[PDB]
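Atoms considered below: every heavy atom in the structure, side chains included; atoms not considered: hydrogens, waters and symmetry mates. Here is how names work: the chains are called A, B, and so on, in the same order as the sequence lines, proteins then strands, and each is numbered from 1.
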Amino acid sequence: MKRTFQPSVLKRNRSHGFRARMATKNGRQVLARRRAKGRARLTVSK
Amino acid sequence: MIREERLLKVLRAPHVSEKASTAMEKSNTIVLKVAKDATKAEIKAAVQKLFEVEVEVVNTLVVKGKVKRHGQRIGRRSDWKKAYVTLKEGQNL
Amino acid sequence: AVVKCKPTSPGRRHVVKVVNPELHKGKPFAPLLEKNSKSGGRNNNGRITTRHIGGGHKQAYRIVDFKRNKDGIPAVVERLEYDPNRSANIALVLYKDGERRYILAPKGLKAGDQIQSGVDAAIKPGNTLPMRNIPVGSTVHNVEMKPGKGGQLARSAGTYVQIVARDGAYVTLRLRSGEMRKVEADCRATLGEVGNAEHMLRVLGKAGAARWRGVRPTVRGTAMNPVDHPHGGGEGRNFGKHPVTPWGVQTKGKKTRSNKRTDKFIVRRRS
RNA sequence: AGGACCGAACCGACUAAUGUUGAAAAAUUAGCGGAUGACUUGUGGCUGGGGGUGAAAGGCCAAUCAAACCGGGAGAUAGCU
RNA sequence: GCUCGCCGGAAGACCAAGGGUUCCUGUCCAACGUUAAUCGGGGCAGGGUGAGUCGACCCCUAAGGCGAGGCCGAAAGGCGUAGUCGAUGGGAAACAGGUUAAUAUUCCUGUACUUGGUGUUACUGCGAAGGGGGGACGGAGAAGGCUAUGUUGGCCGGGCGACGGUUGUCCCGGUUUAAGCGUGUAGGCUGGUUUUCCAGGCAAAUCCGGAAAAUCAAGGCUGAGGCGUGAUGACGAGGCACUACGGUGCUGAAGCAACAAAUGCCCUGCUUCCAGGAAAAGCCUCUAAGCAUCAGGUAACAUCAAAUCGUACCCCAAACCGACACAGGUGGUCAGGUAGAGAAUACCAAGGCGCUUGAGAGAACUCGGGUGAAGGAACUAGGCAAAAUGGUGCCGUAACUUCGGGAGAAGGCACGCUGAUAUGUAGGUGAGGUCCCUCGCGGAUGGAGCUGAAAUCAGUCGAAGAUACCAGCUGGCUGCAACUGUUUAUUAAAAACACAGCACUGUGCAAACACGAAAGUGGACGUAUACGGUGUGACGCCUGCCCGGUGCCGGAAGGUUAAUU
Ligand SMILES: [Mg+2]
Ligand SMILES: [Mg+2]
Ligand SMILES: [Mg+2]
Ligand SMILES: [Mg+2]
Ligand SMILES: [Mg+2]
Ligand SMILES: [Mg+2]
Ligand SMILES: [Mg+2]
Ligand SMILES: [Mg+2]
Ligand SMILES: [Mg+2]
Ligand SMILES: [Mg+2]
Ligand SMILES: [Mg+2]
Ligand SMILES: [Mg+2]
Ligand SMILES: [Mg+2]
Ligand SMILES: [Mg+2]
Ligand SMILES: [Mg+2]
Ligand SMILES: [Mg+2]
Ligand SMILES: [Mg+2]
Ligand SMILES: [Mg+2]
Ligand SMILES: [Mg+2]
Ligand SMILES: [Mg+2]
Ligand SMILES: [Mg+2]
Ligand SMILES: [Mg+2]
Ligand SMILES: [Mg+2]
Ligand SMILES: [Mg+2]
Ligand SMILES: [Mg+2]
Ligand SMILES: [Mg+2]
Ligand SMILES: [Mg+2]
Ligand SMILES: [Mg+2]
Ligand SMILES: [Mg+2]
Ligand SMILES: [Mg+2]
Ligand SMILES: [Mg+2]
Ligand SMILES: [Mg+2]
Ligand SMILES: [Mg+2]
Ligand SMILES: [Mg+2]
Ligand SMILES: [Mg+2]
Ligand SMILES: [Mg+2]
Ligand SMILES: [Mg+2]
Ligand SMILES: [Mg+2]
Ligand SMILES: [Mg+2]
Ligand SMILES: [Mg+2]
Ligand SMILES: [Mg+2]
Ligand SMILES: [Mg+2]
Ligand SMILES: [Mg+2]
Ligand SMILES: [Mg+2]
Ligand SMILES: [Mg+2]
Ligand SMILES: [Mg+2]
Ligand SMILES: [Mg+2]
Ligand SMILES: [Mg+2]
Ligand SMILES: [Mg+2]
């Protein structure tokens with residue numbers, strides 16, 4: 001059985017990484033939300 | 001030319017292990033701990049200046065730190081750099 | 001010519017091929033080529049804006065001269081070639097000054113023939129003139145609609161345009177569709193019909209043949225569910241509706257031309 | 001030559017038995033279909049929710065689909081238990 | 001440690017993705033391991049990853065992304081030019097041997113190569129954001145030449161056998177060697193050289209393209225493999241001494257030939273087909289501005305530099321994706337023997353394993369198998385399941401047919417081993433010798449040696465010779481769908497969907513149409529032999545009547561009728 005998570009570091013970074021977040025206003029809103037919440041890791045980049 | 005105090009800072013400590021001793025006795029290499037940002041040329045110059053010994057080449061590798069445990073808190077040791085520098089077959093520190 | 005295949009397999013029984021012995025067998029002329037990737041029917045939004053397009057064989061683009069404005073320099077036909085990008089054949093011509101160009105191959109044009117463009121060219125197939133100088137009743141192709149813009153009408157294999165009248169600054173054409181149209185008398189036209197008139201006789205013979213040309217399957221509307229098409233739904237085969245496009249516009253007879261900017265040039269509709 | 005033929009890899013999934021608090025939230029065993037093509041596959045990319053994509057089954061869109069998931073309006077409303 | 005069993009196109013060996021210390025050593029057995037545990041991918045401590053040539057980084061681009069100005073948009077933003085990124089593609093260079101407990105093309109030994117910077121010498125027209133060439137490209141097929149590799153012989157070393165025989169036509173083992181350098185071969189492509197001229201390559205050009213003339217027709221380019229060298233080296237069976245029992249130091253024979261042979265290489269080649277098969281740089285060449293015995297360029301020599309990051313380990317799995325040490329999933333590379341067509345299959349090699357609960361007993365019943373008297377579908381919704389058929393060569397094969405098929409129709413015969421034909425044939429390969437020439441990796445001739453089917457005849461054993469594994473059940477009538485395909489991931493694979501073909505209908509190009517408040521984009525760098533929509537669904541014979549209803553198309557006299565006034 002092929003499962004849904006097929007890891008790939010490049011695609012992970014390009015879709016959910018810090019620089020992909022900072023590209024868009026909504027991405028910066030995500031970062032602001034996660035800073036307000038106090039998350040230890042802001043993004044998958046870490 | 002590399003300025004003096006950079007040379008004084010690039011070297012940290014000599015590495016002591018049995019592979020290091022084997023290298024010393026077989027290939028006239030000394031193995032030592034260097035700054036994480038030192039370069040082959042800077043190790044070259046510093047070993048030639050602070051031990052007064054001329055060297056052929058430098059080989060460097062970066063040692064990744066071990067993830068360990070201290071009463072169920074995980075903690076990772078820091079990476080460091082290791083230098084294999086070959087003395088010029090006549091000096092014998 | 002047209003060749004029927006032998007029925008040595010179910011997918012060969014009905015294939016009819018159009019084979020031209022006189023086309024070049026080698027590679028095309030390198031300096032006049034550039035890539036053209038395929039769209040898949042997707043526009044710059046990424047969405048299918050034209051259905052039924054995708055896949056197919058890779059192709060390179062042969063830069064064809066539709067303008068024909070190297071005036072007054074005779075050229076000789078080197079070879080006919082196969083063009084993936086269109087139904088017609090293209091011909092490689094060499095100009096007297098050392099320039100090489102691709103042109104649409106007209107009917108009856110073979111290697112070694114002489115062609116020329118300009119106001120003073122002779123009345124021969126392949127020759128390009130302003131339609132002021134072309135006699136009425138002549139059949140042309142690669143017809144311009146705005147002077148200096150490039151030929152736009154009668155470019156597909158076996159097509160041509162009839163020059164039916166000249167009155168002042170405009171000539172009246174009869175297009176293949178049957179429509180009478182007016183264009184300015186200074187637009188250029190190439191004499192004679194465009195070649196490869198057997199293109200319409202081919203039979204693809206199998207579904208894969210159509211898949212090679214980039215055509216994807218067409219799903220009938222009456223075979224969908226109501227949520228997908230105005231024709232969907234039914235217990236069994238049910239229609240009971242007026243036929244429409246997937247977007248609800250009636251599709252058997254309803255006219256869709258709406259362009260007042262150009263109605264002045266139309267003499268008669270194709271009827 | 002061939003959407004040709006027989007048959008491994010490979011891609012599927014027709015029958016039967018087992019399993020059904022499973023070895024497995026879809027498998028195993030014995031057979032079975034295609035196997036130069038409308039084939040199959042790696043890597044990257046694009047299409048975003050009344051939207052996509054669909055050789056069309058209301059299929060699929062992260063074990064979720066006659067309208068995904070997450071958060072909010074929100075303590076919706078509930079002549080019902 | 002000995003024996004037994006299992007895989008061996010994998011259950012062995014490398015790598016990519018992914019993981020991140022699981023790698024090696026010492027120590028511990030509380031918890032984890034479906035049991036015990038002295039063991040461990042568990043706990044604790046220490047150790048371990050060495051690069052000018054491998055990869056990234058770097059130069060260059062694809063799809064696509066972002067996008068100065070710009071265009072568009074209530075705002076947010078959307079698109080996009082110049083640009084700039086983006087590999088899964090193009091771009092310089094290293095091999096063999098040795099070594100650690102754990103790394104190695106990285107260390108060591110030996111022998112190489114690449115790029116760039118400086119300096120000297122000699123000779124010189126150098127110069128691009130521009131021009132040209134090149135890079136640079138499909139599918140299938142066929143053959144020839146090779147090698148990897150294997151087998152046998154020769155050679156060398158050892159052996160003479162627990163039970164009849166075994167000094168021989170006997171047994172066991174070894175018989176290896178790279179990149180680089182020189183040679184330019186099998187073979188592929190191409191006429192060459194010199195003048196003169198020219199509406200072309202945004203300007204120029206001596207370069208490319210074109211035209212004419214003269215001259216010689218042999219020059220050039222590419223190219224596996226072989227041979228020589230590398231190599232008086234290394235490696236090498238096996239011996240000699242310690243063993244601290246792990247293994248450690250010294251020595252080291254032979255190291256040839258023939259045959260067979262790839263799916264690998266020549267080969268991005270050649271032939272052929274239509275569905276007509278990336279881009280850009282590195283590279284070569286041409287000049288422009290400009291410079292001008294400066295600079296720059298070519299050659300030789302010397303010298304310097306080649307940074308930084310990855311490098312342990314798993315990698316069809318107990319380390320990745322599956323909540324698990326989960327009968328699942330996971331891209332690429334290597335590819336031995338015997339039989340065989342084979343990468344199927346059976347047994348084995350190298351190598352790796354016995355699947356982390358055992359011990360007994362030999363009830364019903366369940367699961368997976370073997371066999372069965374007589375009968376042979378009587379079972380059952382239904383021959384479901386099972387049984388059966390099954391190979392190669394040759395003979396033979398119906399209706400029907402779109403003339404291809406049907407067809408492996410059906411059905412039948414032969415099949416082991418030994419000898420002879422023939423002390424091994426037909427065939428394949430091919431040494432020596434000979435004779436030539438433009439002399440060579442040459443031509444003709446010769447045939448030793450090696451290898452070697454198939455057939456016929458005669459004998460012979462068994463119940464059985466396609467002996468195992470492997471490997472079509474066949475025929476008749478009929479519905480539906482022409483056919484190959486596709487589908488309800490996870491109860492439906494079908495008669496459903498698609499399909500080639502047919503018809504209707506829209507669309508004259510700033511096309512219709514679709515996405516989008518728009519700008520734009522697709523259709524399409526296409527132009528009615530084209531594109532969209534709808535229905536039908538190969539092919540054959542066909543496709544009848546109705547325009548009252550509802551649509552759609554045309555008409556614009558009359559009636560009614562909006563904003564407006
Ligand atoms: Mg269509
Ligand atoms: Mg159709
Ligand atoms: Mg349906
Ligand atoms: Mg509807
Ligand atoms: Mg009905
Ligand atoms: Mg009805
Ligand atoms: Mg087939
Ligand atoms: Mg199976
Ligand atoms: Mg098959
Ligand atoms: Mg339904
Ligand atoms: Mg789902
Ligand atoms: Mg809803
Ligand atoms: Mg409320
Ligand atoms: Mg509530
Ligand atoms: Mg076995
Ligand atoms: Mg650990
Ligand atoms: Mg271990
Ligand atoms: Mg225990
Ligand atoms: Mg105990
Ligand atoms: Mg451990
Ligand atoms: Mg390194
Ligand atoms: Mg080194
Ligand atoms: Mg781009
Ligand atoms: Mg943009
Ligand atoms: Mg802007
Ligand atoms: Mg770039
Ligand atoms: Mg790459
Ligand atoms: Mg190792
Ligand atoms: Mg060989
Ligand atoms: Mg390794
Ligand atoms: Mg286990
Ligand atoms: Mg497993
Ligand atoms: Mg696989
Ligand atoms: Mg096998
Ligand atoms: Mg029993
Ligand atoms: Mg039985
Ligand atoms: Mg019986
Ligand atoms: Mg019996
Ligand atoms: Mg019965
Ligand atoms: Mg009964
Ligand atoms: Mg059965
Ligand atoms: Mg059976
Ligand atoms: Mg019936
Ligand atoms: Mg069918
Ligand atoms: Mg089928
Ligand atoms: Mg499926
Ligand atoms: Mg299903
Ligand atoms: Mg099923
Ligand atoms: Mg139908």
Side-chain angles (χ1 to χ4, degrees), chain A residues 1-11 23 25, chain B residues 17-19 22-23 26-27 39-41 59-64 66-67 82 84, chain C residues 6-14 28 30 35-37 39 41-50 53 56-61 72-73 82 84-87 94-100 145 152-159 175-177 179 181 196-197 199-200 203-213 216-225 227-228 231 242-247 250-257 259 261-262 266 270:
Chain A
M1 295 299 291
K2 191 179 190 198
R3 297 306 177 198
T4 52
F5 184 45
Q6 313 286 5
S8 163
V9 160
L10 185 51
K11 277 168 78 176
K25 171 202 61 87
Chain B
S17 87
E18 62 86 20
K19 183 187 179 165
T22 300
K26 184 162 311 313
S27 296
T39 54
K40 288 181 179 165
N59 284 33
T60 51
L61 61 83
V62 170
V63 182
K64 281 80 192 171
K66 279 159 163 163
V67 171
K82 195 204 282 177
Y84 285 104
Chain C
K6 302 271 207 166
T8 71
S9 58
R12 285 295 265 200
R13 182 182 301 276
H14 301 296
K35 67 179 270 287
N36 58 340
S37 295
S39 63
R42 275 86 163 152
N43 81 339
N44 59 352
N45 279 334
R47 295 214 188 162
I48 297 181
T49 70
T50 300
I53 302 175
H57 205 296
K58 195 194 215 161
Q59 300 162 337
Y61 185 63
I73 315 172
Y82 176 86
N85 303 283
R86 79 203 58 252
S87 55
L94 175 59
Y95 278 99
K96 204 72 51 163
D97 63 358
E99 197 169 0
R100 270 186 183 91
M145 292 192 300
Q152 280 182 284
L153 322 173
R155 279 153 49 144
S156 278
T159 58
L175 315 182
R176 286 282 300 155
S177 63
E179 183 178 1
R181 198 191 211 273
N196 192 27
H199 167 73
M200 82 179 147
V203 176
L204 305 185
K206 58 167 189 171
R211 298 297 304 269
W212 298 332
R213 316 188 180 262
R216 299 202 78 241
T218 297
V219 187
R220 285 166 304 120
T222 187
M224 318 198 180
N225 296 317
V227 69
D228 303 314
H231 292 187
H242 298 302
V244 298
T245 77
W247 302 273
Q250 194 274 10
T251 194
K252 298 254 172 171
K254 165 164 185 74
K255 286 161 169 178
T256 52
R257 164 181 176 87
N259 187 330
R261 179 174 59 78
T262 318
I266 307 316
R270 58 190 190 261

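- In this structure, B:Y84 reaches the bases: a heavy-atom distance under 4.0 Å links it to at least one base atom across the strands shown.
- In this structure, NZ of A:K2 is placed 12 Å from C1' of D:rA62, rounded to the nearest angstrom.
- Checking side-chain atoms of B:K64 against main-chain N and O of B:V62 turns up a donor-acceptor pair under 3.5 Å.
- South is the pucker assigned to the sugar of E:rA327, its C1'-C2'-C3'-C4' torsion being negative.
- Remark: E:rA104 base-pairs with no nucleotide in the shown strands. Criterion, Watson-Crick or G-U wobble with two distances under 3.5 Å.
- A sub-4.0 Å separation between OP1 or OP2 of D:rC39 and a side-chain N or O of C:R211 is absent.
- Judged purely by atom type and a 3.5 angstrom limit, C:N43 uses its side chain to pair as donor or acceptor with the backbone of C:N45.
- The side chain to side chain contact (heavy atoms under 4.5 Å, CB included) test applied to C:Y61 returns C:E34, C:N36, C:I63, C:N85, C:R86, not counting sequence neighbours.
- Across all strands, B:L61 comes closer than 4.0 Å only to sugar-phosphate atoms, never to a base (heavy-atom distances).
- Taking the syn range as angles within 90° of 0, the glycosidic angle of E:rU402 is outside it, so the base is anti.
- Judged by the sign of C1'-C2'-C3'-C4', the sugar at E:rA218 is south, the angle being negative.
- Contact annotation for C:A210: backbone-only contact, meaning every heavy-atom pair under 4.0 Å involves sugar-phosphate atoms and none involves a base.
- A search for side chain to side chain contact (heavy atoms under 4.5 Å, CB included) contacts involving C:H199 returns C:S87, C:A157, C:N196, C:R202, not counting sequence neighbours.
- The phosphate of D:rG3 has OP1 or OP2 within less than 4.0 Å of a side-chain N or O from C:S9.
- Regarding contacts with the backbone of D:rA55, a side-chain N or O of C:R216 is found under 4.0 angstrom from either OP1 or OP2.
- The side chain to side chain contact (heavy atoms under 4.5 Å, CB included) test applied to A:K11 returns A:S8, not counting sequence neighbours.
- Residue C:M224 contributes atom CE, which lies 17 Å from atom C1' of D:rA66 at whole-angstrom precision.
- Here E:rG119 is in the anti range [glycosidic angle more than 90° from 0].
- Using a 4.0 Å heavy-atom cutoff across all strands shown, B:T60 reaches sugar-phosphate atoms only and no base atom.
- Among the heavy atoms of the strands lying under 4.0 Å from C:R261 is at least one base atom, whether or not backbone atoms are also near.
- Atom-to-atom, NE2 of C:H57 to P of D:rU36 comes out at 19 Å; the value is rounded to the nearest Å.
- Distance, C:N43 CG to D:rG52 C1': 13 Å, rounded to whole Å.
- Taking the 5' to 3' direction, RNA chain E first and last meets chain A under 4.0 angstrom from a heavy atom at E:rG18 to E:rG329.
- In E:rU488 the base sits syn relative to the sugar, since the glycosidic angle is no further than 90° from 0.
- Using a 4.0 Å heavy-atom cutoff across all strands shown, C:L204 reaches sugar-phosphate atoms only and no base atom.
- Sugar conformation, E:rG383: south. The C1'-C2'-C3'-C4' torsion carries a negative sign.
- For the side chain to side chain contact (heavy atoms under 4.5 Å, CB included) test, residues two or more places apart in sequence or in another chain that qualify with C:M224 are C:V219, C:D228, C:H229.
- A donor-acceptor contact shorter than 3.5 Å links the side chain of B:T22 to the backbone of B:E18.
- C:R100 pairs by the salt bridge (charged side-chain N to carboxylate O under 4.0 Å, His left out) definition with C:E78, not counting sequence neighbours.
- At under 5.0 Å, the groove contacted by the side chain of B:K66 is the major groove.
- Residue-level contact check: C:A60 touches the backbone only, with heavy atoms under 4.0 Å from sugar-phosphate atoms and none from bases.
- For A:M1 and D:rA62, the CE to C1' distance is 13 Å, given to the nearest whole Å.
- In E:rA319, the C1'-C2'-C3'-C4' torsion is negative, which places the sugar in the south family.
- Within the 4.0 angstrom heavy-atom criterion, only backbone atoms of the sugar-phosphate kind lie near C:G46; the bases stay farther away.
- Heavy atoms of A:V9 sit under 4.0 angstrom from primed sugar atoms or phosphate atoms, though from no base atom.
- Going from atom CZ of A:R3 over to atom P of D:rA25 covers 7 Å, rounded to whole Å.
- The six-membered rings of E:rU124 and E:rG125 are unstacked under the 5.5 angstrom centre distance and 30 degree angle criterion.
- The distance from atom CG of C:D228 to atom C1' of D:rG50 is 12 Å, rounded to the nearest whole Å.
- For E:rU38, the torsion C1'-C2'-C3'-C4' is below zero, which places the sugar in the south, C2'-endo range.
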